file protein-v3.cif (mmCIF, C-alpha atoms)
data_query
loop_
_atom_site.group_PDB
_atom_site.id
_atom_site.type_symbol
_atom_site.label_atom_id
_atom_site.label_comp_id
_atom_site.auth_asym_id
_atom_site.auth_seq_id
_atom_site.Cartn_x
_atom_site.Cartn_y
_atom_site.Cartn_z
ATOM 1 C CA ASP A 52 16.383 101.654 -6.221
ATOM 2 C CA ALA A 53 16.398 105.326 -7.176
ATOM 3 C CA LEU A 54 18.616 108.406 -7.341
ATOM 4 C CA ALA A 55 19.137 111.112 -4.723
ATOM 5 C CA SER A 56 17.388 114.078 -6.342
ATOM 6 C CA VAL A 57 19.966 114.820 -9.014
ATOM 7 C CA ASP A 58 20.840 118.478 -9.621
ATOM 8 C CA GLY A 59 22.341 120.400 -12.522
ATOM 9 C CA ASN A 60 25.031 122.235 -10.546
ATOM 10 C CA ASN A 61 27.863 119.687 -10.892
ATOM 11 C CA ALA A 62 30.727 122.033 -11.807
ATOM 12 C CA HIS A 63 33.849 121.260 -9.772
ATOM 13 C CA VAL A 64 37.269 122.907 -9.873
ATOM 14 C CA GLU A 65 40.198 121.160 -11.576
ATOM 15 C CA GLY A 66 41.369 118.905 -8.760
ATOM 16 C CA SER A 67 39.853 118.602 -5.286
ATOM 17 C CA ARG A 68 38.708 116.047 -2.708
ATOM 18 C CA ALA A 69 35.746 113.647 -2.838
ATOM 19 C CA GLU A 70 33.552 114.989 0.005
ATOM 20 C CA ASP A 71 32.535 111.354 0.638
ATOM 21 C CA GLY A 72 29.971 111.559 -2.157
ATOM 22 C CA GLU A 73 26.465 110.263 -1.570
ATOM 23 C CA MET A 74 24.711 106.938 -2.105
ATOM 24 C CA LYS A 75 21.264 105.399 -1.715
ATOM 25 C CA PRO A 76 20.505 101.751 -0.856
ATOM 26 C CA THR A 77 17.827 99.562 -2.406
ATOM 27 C CA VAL A 78 14.257 98.942 -1.259
ATOM 28 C CA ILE A 79 12.652 95.521 -0.845
ATOM 29 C CA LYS A 80 9.038 94.742 -1.737
ATOM 30 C CA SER A 81 7.544 91.306 -1.087
ATOM 31 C CA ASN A 82 4.328 89.521 -2.018
ATOM 32 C CA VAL A 83 2.525 86.346 -0.977
ATOM 33 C CA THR A 84 1.172 83.748 -3.379
ATOM 34 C CA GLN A 85 -2.357 82.353 -3.608
ATOM 35 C CA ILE A 86 -3.648 78.791 -3.938
ATOM 36 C CA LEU A 87 -6.824 78.143 -5.927
ATOM 37 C CA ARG A 88 -7.942 74.682 -7.006
ATOM 38 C CA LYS A 89 -10.827 73.114 -8.913
ATOM 39 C CA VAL A 90 -12.314 69.671 -8.276
ATOM 40 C CA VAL A 91 -14.550 67.314 -10.247
ATOM 41 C CA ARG A 92 -15.940 63.777 -10.139
ATOM 42 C CA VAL A 93 -17.119 61.347 -12.817
ATOM 43 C CA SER A 94 -18.566 57.845 -12.698
ATOM 44 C CA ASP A 95 -16.551 55.439 -14.846
ATOM 45 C CA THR A 96 -19.770 53.608 -15.800
ATOM 46 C CA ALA A 97 -20.319 56.152 -18.607
ATOM 47 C CA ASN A 98 -17.851 54.446 -20.985
ATOM 48 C CA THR A 99 -19.517 51.202 -22.126
ATOM 49 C CA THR A 100 -21.996 53.081 -24.324
ATOM 50 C CA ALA A 101 -21.033 55.690 -26.939
ATOM 51 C CA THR B 303 -24.704 38.269 -26.058
ATOM 52 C CA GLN B 304 -23.169 39.037 -22.664
ATOM 53 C CA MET B 305 -22.749 42.723 -23.453
ATOM 54 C CA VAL B 306 -19.826 44.217 -21.517
ATOM 55 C CA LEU B 307 -19.288 47.952 -21.025
ATOM 56 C CA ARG B 308 -16.644 48.397 -18.295
ATOM 57 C CA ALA B 309 -14.182 45.703 -17.273
ATOM 58 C CA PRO B 310 -13.275 45.336 -13.575
ATOM 59 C CA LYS B 311 -10.956 48.187 -12.614
ATOM 60 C CA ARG B 312 -9.967 50.020 -9.432
ATOM 61 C CA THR B 313 -9.713 53.697 -8.514
ATOM 62 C CA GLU B 314 -6.750 55.606 -7.041
ATOM 63 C CA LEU B 315 -6.183 53.948 -3.659
ATOM 64 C CA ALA B 316 -3.215 54.050 -1.246
ATOM 65 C CA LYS B 317 -3.414 57.466 0.400
ATOM 66 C CA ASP B 318 -1.593 55.941 3.412
ATOM 67 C CA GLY B 319 -4.826 55.691 5.384
ATOM 68 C CA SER B 320 -7.446 53.009 6.077
ATOM 69 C CA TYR B 321 -6.862 51.404 2.658
ATOM 70 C CA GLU B 322 -6.226 47.769 1.646
ATOM 71 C CA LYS B 323 -9.901 47.384 0.714
ATOM 72 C CA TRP B 324 -10.493 46.101 -2.816
ATOM 73 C CA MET B 325 -13.521 45.704 -5.057
ATOM 74 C CA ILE B 326 -14.610 44.019 -8.291
ATOM 75 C CA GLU B 327 -16.873 46.128 -10.510
ATOM 76 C CA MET B 328 -18.568 44.935 -13.687
ATOM 77 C CA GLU B 329 -20.977 46.581 -16.136
ATOM 78 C CA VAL B 330 -22.940 43.938 -18.037
ATOM 79 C CA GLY B 331 -26.108 43.790 -20.102
ATOM 80 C CA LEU B 332 -28.295 41.328 -21.964
ATOM 81 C CA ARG B 333 -29.407 41.342 -25.598
ATOM 82 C CA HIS B 334 -31.671 39.083 -27.664
ATOM 83 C CA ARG B 335 -31.896 38.652 -31.437
ATOM 84 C CA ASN B 336 -35.297 38.363 -33.117
ATOM 85 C CA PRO B 337 -37.469 38.143 -29.966
ATOM 86 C CA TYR B 338 -39.777 35.748 -31.805
ATOM 87 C CA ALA B 339 -36.946 33.207 -32.080
ATOM 88 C CA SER B 340 -36.500 31.720 -28.598
ATOM 89 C CA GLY B 341 -39.263 30.753 -26.184
ATOM 90 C CA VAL B 342 -40.361 30.717 -22.563
ATOM 91 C CA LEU B 343 -42.555 28.079 -20.905
ATOM 92 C CA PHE B 344 -44.224 28.889 -17.589
ATOM 93 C CA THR B 345 -45.724 26.473 -15.075
ATOM 94 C CA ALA B 346 -49.504 26.137 -14.891
ATOM 95 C CA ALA B 347 -51.716 25.191 -11.937
ATOM 96 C CA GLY B 348 -55.275 26.018 -13.022
ATOM 97 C CA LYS B 349 -56.830 28.095 -15.800
ATOM 98 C CA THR C 303 15.385 37.016 20.112
ATOM 99 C CA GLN C 304 13.050 39.199 18.056
ATOM 100 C CA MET C 305 10.116 37.912 15.997
ATOM 101 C CA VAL C 306 8.993 39.970 12.993
ATOM 102 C CA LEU C 307 5.704 39.639 11.111
ATOM 103 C CA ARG C 308 5.509 42.734 8.868
ATOM 104 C CA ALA C 309 8.865 44.212 7.900
ATOM 105 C CA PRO C 310 9.212 48.020 7.950
ATOM 106 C CA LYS C 311 7.324 49.169 4.852
ATOM 107 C CA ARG C 312 6.690 52.631 3.414
ATOM 108 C CA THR C 313 3.219 53.271 2.009
ATOM 109 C CA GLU C 314 1.002 56.149 0.893
ATOM 110 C CA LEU C 315 -2.667 56.166 1.871
ATOM 111 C CA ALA C 316 -5.763 57.557 0.129
ATOM 112 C CA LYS C 317 -4.717 61.068 -0.859
ATOM 113 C CA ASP C 318 -7.287 63.832 -0.378
ATOM 114 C CA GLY C 319 -6.607 67.380 -1.522
ATOM 115 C CA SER C 320 -2.908 68.039 -0.937
ATOM 116 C CA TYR C 321 -2.188 65.997 2.195
ATOM 117 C CA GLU C 322 0.240 63.496 0.628
ATOM 118 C CA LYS C 323 0.072 61.344 3.739
ATOM 119 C CA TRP C 324 2.653 58.615 4.358
ATOM 120 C CA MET C 325 3.344 56.161 7.157
ATOM 121 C CA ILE C 326 5.531 53.258 8.240
ATOM 122 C CA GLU C 327 4.386 50.197 10.178
ATOM 123 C CA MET C 328 6.239 47.295 11.782
ATOM 124 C CA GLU C 329 4.802 44.279 13.623
ATOM 125 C CA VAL C 330 7.342 42.938 16.115
ATOM 126 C CA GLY C 331 7.384 40.768 19.217
ATOM 127 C CA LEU C 332 9.937 39.870 21.882
ATOM 128 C CA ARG C 333 10.759 36.423 23.248
ATOM 129 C CA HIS C 334 12.576 35.039 26.278
ATOM 130 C CA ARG C 335 13.423 31.397 26.950
ATOM 131 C CA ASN C 336 13.401 30.012 30.486
ATOM 132 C CA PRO C 337 11.823 33.050 32.217
ATOM 133 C CA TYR C 338 13.959 32.251 35.268
ATOM 134 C CA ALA C 339 17.135 32.539 33.152
ATOM 135 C CA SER C 340 17.710 36.286 32.840
ATOM 136 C CA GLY C 341 17.835 38.620 35.814
ATOM 137 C CA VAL C 342 16.729 42.122 36.739
ATOM 138 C CA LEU C 343 18.007 44.303 39.587
ATOM 139 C CA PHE C 344 15.928 47.383 40.353
ATOM 140 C CA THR C 345 17.299 50.371 42.260
ATOM 141 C CA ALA C 346 16.537 51.527 45.790
ATOM 142 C CA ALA C 347 17.333 54.573 47.901
ATOM 143 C CA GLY C 348 19.224 54.386 51.180
ATOM 144 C CA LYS C 349 19.272 56.807 54.086
#

call {"tool": "encode", "arguments": {"input": "protein-v3.cif", "output": "structure tokens"}}
result
Amino acid sequence: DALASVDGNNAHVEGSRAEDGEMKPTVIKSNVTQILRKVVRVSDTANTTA
Amino acid sequence: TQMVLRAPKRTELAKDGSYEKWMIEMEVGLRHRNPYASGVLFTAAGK
Amino acid sequence: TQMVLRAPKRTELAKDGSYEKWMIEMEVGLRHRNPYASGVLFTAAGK
């Protein structure tokens, strides 16, 4: 979210209405994941020796 | 000595497929002490 | 009656990658004594 271009002129009289003010909603930003894998093989016959 | 390296073991089976096939693996070797201790005797026909 | 040979069983087969395959099997057969005992009435259309 952000602000609506703030200004330095906020000087109101002593007692008045609201003028409905002003607001700004949020913004959504999405991302997708990624899948990366590594594979390997080994023969179990390499254990008898040292 | 009946040298043994890997005892019979199985891999990761049961991927809910065409499994239920088993196997028996064995890694074995032979060794002799002091070759000039035992003896072999062949069969002879002529000369 | 109902003859059963292999009860419903859950099993996982040989996994490959990230499949994680599963399946259920059931071996069943149906019986009927005195074939001429029970009865069947099919339908038909009039006009």

call {"tool": "calpha_fit_rmsd", "arguments": {"input": "protein-v3.cif", "fixed": "chain C", "moving": "chain B"}}
result
2.9 Å

call {"tool": "interface_residues", "arguments": {"input": "protein-v3.cif", "of": "chain A", "to": "chain B", "cutoff": "8 Å", "atoms": "only C-alpha atoms", "output": "list in words"}}
result
residues 95, 96, 98, 99 and 100 of chain A

call {"tool": "interface_residues", "arguments": {"input": "protein-v3.cif", "of": "chain C", "to": "chain B", "cutoff": "7 Å", "atoms": "all atoms listed in the file", "output": "ChimeraX atom specification"}}
result
/C:313-317,323-325

call {"tool": "atom_distance", "arguments": {"input": "protein-v3.cif", "atom1": "CA of residue 52 (chain A)", "atom2": "CA of residue 84 (chain A)"}}
result
23.7 Å

call {"tool": "atom_distance", "arguments": {"input": "protein-v3.cif", "atom1": "CA of residue 326 (chain C)", "atom2": "CA of residue 310 (chain C)"}}
result
6.4 Å

call {"tool": "residues_around", "arguments": {"input": "protein-v3.cif", "residues": "region 66-79 of chain A", "least_positions_apart": "5", "cutoff": "8 Å", "atoms": "only C-alpha atoms", "output": "ChimeraX atom specification"}}
result
/A:52-55

call {"tool": "build_atoms", "arguments": {"input": "protein-v3.cif", "residues": "region 56-81 of chain A", "atoms": "N, CA, C and O atoms", "output": "PDB file, in the frame of the given file"}}
result
ATOM      1  N   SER A  56      17.821 112.748  -5.914  1.00  0.00           N
ATOM      2  CA  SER A  56      17.388 114.078  -6.342  1.00  0.00           C
ATOM      3  C   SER A  56      18.514 114.818  -7.068  1.00  0.00           C
ATOM      4  O   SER A  56      19.043 115.829  -6.608  1.00  0.00           O
ATOM      5  N   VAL A  57      18.871 114.264  -8.229  1.00  0.00           N
ATOM      6  CA  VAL A  57      19.966 114.820  -9.014  1.00  0.00           C
ATOM      7  C   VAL A  57      19.746 116.313  -9.256  1.00  0.00           C
ATOM      8  O   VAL A  57      18.611 116.797  -9.344  1.00  0.00           O
ATOM      9  N   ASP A  58      20.853 117.046  -9.360  1.00  0.00           N
ATOM     10  CA  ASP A  58      20.840 118.478  -9.621  1.00  0.00           C
ATOM     11  C   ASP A  58      21.775 118.807 -10.778  1.00  0.00           C
ATOM     12  O   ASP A  58      22.678 118.033 -11.109  1.00  0.00           O
ATOM     13  N   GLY A  59      21.547 119.969 -11.389  1.00  0.00           N
ATOM     14  CA  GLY A  59      22.341 120.400 -12.522  1.00  0.00           C
ATOM     15  C   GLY A  59      23.367 121.457 -12.168  1.00  0.00           C
ATOM     16  O   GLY A  59      23.572 122.409 -12.926  1.00  0.00           O
ATOM     17  N   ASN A  60      24.017 121.300 -11.014  1.00  0.00           N
ATOM     18  CA  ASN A  60      25.031 122.235 -10.546  1.00  0.00           C
ATOM     19  C   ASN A  60      26.396 121.575 -10.385  1.00  0.00           C
ATOM     20  O   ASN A  60      27.261 122.108  -9.685  1.00  0.00           O
ATOM     21  N   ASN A  61      26.609 120.428 -11.023  1.00  0.00           N
ATOM     22  CA  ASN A  61      27.863 119.687 -10.892  1.00  0.00           C
ATOM     23  C   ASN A  61      28.918 120.368 -11.752  1.00  0.00           C
ATOM     24  O   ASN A  61      29.092 120.059 -12.932  1.00  0.00           O
ATOM     25  N   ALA A  62      29.636 121.316 -11.145  1.00  0.00           N
ATOM     26  CA  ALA A  62      30.727 122.033 -11.807  1.00  0.00           C
ATOM     27  C   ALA A  62      31.834 122.213 -10.769  1.00  0.00           C
ATOM     28  O   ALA A  62      31.834 123.183 -10.008  1.00  0.00           O
ATOM     29  N   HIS A  63      32.774 121.274 -10.752  1.00  0.00           N
ATOM     30  CA  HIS A  63      33.849 121.260  -9.772  1.00  0.00           C
ATOM     31  C   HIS A  63      35.115 121.868 -10.361  1.00  0.00           C
ATOM     32  O   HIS A  63      35.305 121.903 -11.579  1.00  0.00           O
ATOM     33  N   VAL A  64      35.986 122.344  -9.472  1.00  0.00           N
ATOM     34  CA  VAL A  64      37.269 122.907  -9.873  1.00  0.00           C
ATOM     35  C   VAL A  64      38.160 121.781 -10.375  1.00  0.00           C
ATOM     36  O   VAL A  64      37.853 120.598 -10.183  1.00  0.00           O
ATOM     37  N   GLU A  65      39.265 122.138 -11.023  1.00  0.00           N
ATOM     38  CA  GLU A  65      40.198 121.160 -11.576  1.00  0.00           C
ATOM     39  C   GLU A  65      41.070 120.625 -10.444  1.00  0.00           C
ATOM     40  O   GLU A  65      42.131 121.167 -10.136  1.00  0.00           O
ATOM     41  N   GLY A  66      40.610 119.548  -9.814  1.00  0.00           N
ATOM     42  CA  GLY A  66      41.369 118.905  -8.760  1.00  0.00           C
ATOM     43  C   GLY A  66      40.921 119.300  -7.367  1.00  0.00           C
ATOM     44  O   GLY A  66      41.142 120.434  -6.933  1.00  0.00           O
ATOM     45  N   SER A  67      40.289 118.373  -6.657  1.00  0.00           N
ATOM     46  CA  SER A  67      39.853 118.602  -5.286  1.00  0.00           C
ATOM     47  C   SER A  67      39.589 117.244  -4.642  1.00  0.00           C
ATOM     48  O   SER A  67      39.933 116.195  -5.199  1.00  0.00           O
ATOM     49  N   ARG A  68      38.977 117.262  -3.460  1.00  0.00           N
ATOM     50  CA  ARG A  68      38.708 116.047  -2.708  1.00  0.00           C
ATOM     51  C   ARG A  68      37.399 115.417  -3.183  1.00  0.00           C
ATOM     52  O   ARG A  68      36.803 115.833  -4.180  1.00  0.00           O
ATOM     53  N   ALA A  69      36.940 114.393  -2.462  1.00  0.00           N
ATOM     54  CA  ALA A  69      35.746 113.647  -2.838  1.00  0.00           C
ATOM     55  C   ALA A  69      34.505 114.066  -2.066  1.00  0.00           C
ATOM     56  O   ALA A  69      33.390 113.872  -2.565  1.00  0.00           O
ATOM     57  N   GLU A  70      34.667 114.626  -0.868  1.00  0.00           N
ATOM     58  CA  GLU A  70      33.552 114.989   0.005  1.00  0.00           C
ATOM     59  C   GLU A  70      32.683 113.786   0.365  1.00  0.00           C
ATOM     60  O   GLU A  70      31.526 113.951   0.765  1.00  0.00           O
ATOM     61  N   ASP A  71      33.216 112.572   0.213  1.00  0.00           N
ATOM     62  CA  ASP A  71      32.535 111.354   0.638  1.00  0.00           C
ATOM     63  C   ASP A  71      31.376 110.987  -0.285  1.00  0.00           C
ATOM     64  O   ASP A  71      30.763 109.927  -0.121  1.00  0.00           O
ATOM     65  N   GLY A  72      31.073 111.842  -1.260  1.00  0.00           N
ATOM     66  CA  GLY A  72      29.971 111.559  -2.157  1.00  0.00           C
ATOM     67  C   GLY A  72      28.669 111.294  -1.410  1.00  0.00           C
ATOM     68  O   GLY A  72      28.482 111.653  -0.250  1.00  0.00           O
ATOM     69  N   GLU A  73      27.755 110.641  -2.126  1.00  0.00           N
ATOM     70  CA  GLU A  73      26.465 110.263  -1.570  1.00  0.00           C
ATOM     71  C   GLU A  73      25.966 109.017  -2.285  1.00  0.00           C
ATOM     72  O   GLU A  73      26.232 108.825  -3.474  1.00  0.00           O
ATOM     73  N   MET A  74      25.242 108.174  -1.550  1.00  0.00           N
ATOM     74  CA  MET A  74      24.711 106.938  -2.105  1.00  0.00           C
ATOM     75  C   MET A  74      23.337 106.676  -1.507  1.00  0.00           C
ATOM     76  O   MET A  74      22.961 107.253  -0.484  1.00  0.00           O
ATOM     77  N   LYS A  75      22.589 105.786  -2.165  1.00  0.00           N
ATOM     78  CA  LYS A  75      21.264 105.399  -1.715  1.00  0.00           C
ATOM     79  C   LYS A  75      21.164 103.881  -1.815  1.00  0.00           C
ATOM     80  O   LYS A  75      21.555 103.305  -2.847  1.00  0.00           O
ATOM     81  N   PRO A  76      20.660 103.204  -0.790  1.00  0.00           N
ATOM     82  CA  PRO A  76      20.505 101.751  -0.856  1.00  0.00           C
ATOM     83  C   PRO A  76      19.257 101.379  -1.651  1.00  0.00           C
ATOM     84  O   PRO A  76      18.554 102.229  -2.194  1.00  0.00           O
ATOM     85  N   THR A  77      18.992 100.080  -1.709  1.00  0.00           N
ATOM     86  CA  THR A  77      17.827  99.562  -2.406  1.00  0.00           C
ATOM     87  C   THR A  77      16.643  99.450  -1.452  1.00  0.00           C
ATOM     88  O   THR A  77      16.761  99.632  -0.238  1.00  0.00           O
ATOM     89  N   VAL A  78      15.481  99.140  -2.021  1.00  0.00           N
ATOM     90  CA  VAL A  78      14.257  98.942  -1.259  1.00  0.00           C
ATOM     91  C   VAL A  78      13.662  97.601  -1.655  1.00  0.00           C
ATOM     92  O   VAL A  78      13.633  97.236  -2.835  1.00  0.00           O
ATOM     93  N   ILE A  79      13.185  96.863  -0.657  1.00  0.00           N
ATOM     94  CA  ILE A  79      12.652  95.521  -0.845  1.00  0.00           C
ATOM     95  C   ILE A  79      11.134  95.589  -0.802  1.00  0.00           C
ATOM     96  O   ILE A  79      10.554  96.309   0.019  1.00  0.00           O
ATOM     97  N   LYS A  80      10.492  94.835  -1.691  1.00  0.00           N
ATOM     98  CA  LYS A  80       9.038  94.742  -1.737  1.00  0.00           C
ATOM     99  C   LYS A  80       8.673  93.286  -1.972  1.00  0.00           C
ATOM    100  O   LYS A  80       9.109  92.688  -2.960  1.00  0.00           O
ATOM    101  N   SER A  81       7.873  92.722  -1.072  1.00  0.00           N
ATOM    102  CA  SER A  81       7.544  91.306  -1.087  1.00  0.00           C
ATOM    103  C   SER A  81       6.055  91.108  -1.334  1.00  0.00           C
ATOM    104  O   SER A  81       5.242  92.014  -1.138  1.00  0.00           O
TER     105      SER A  81
END
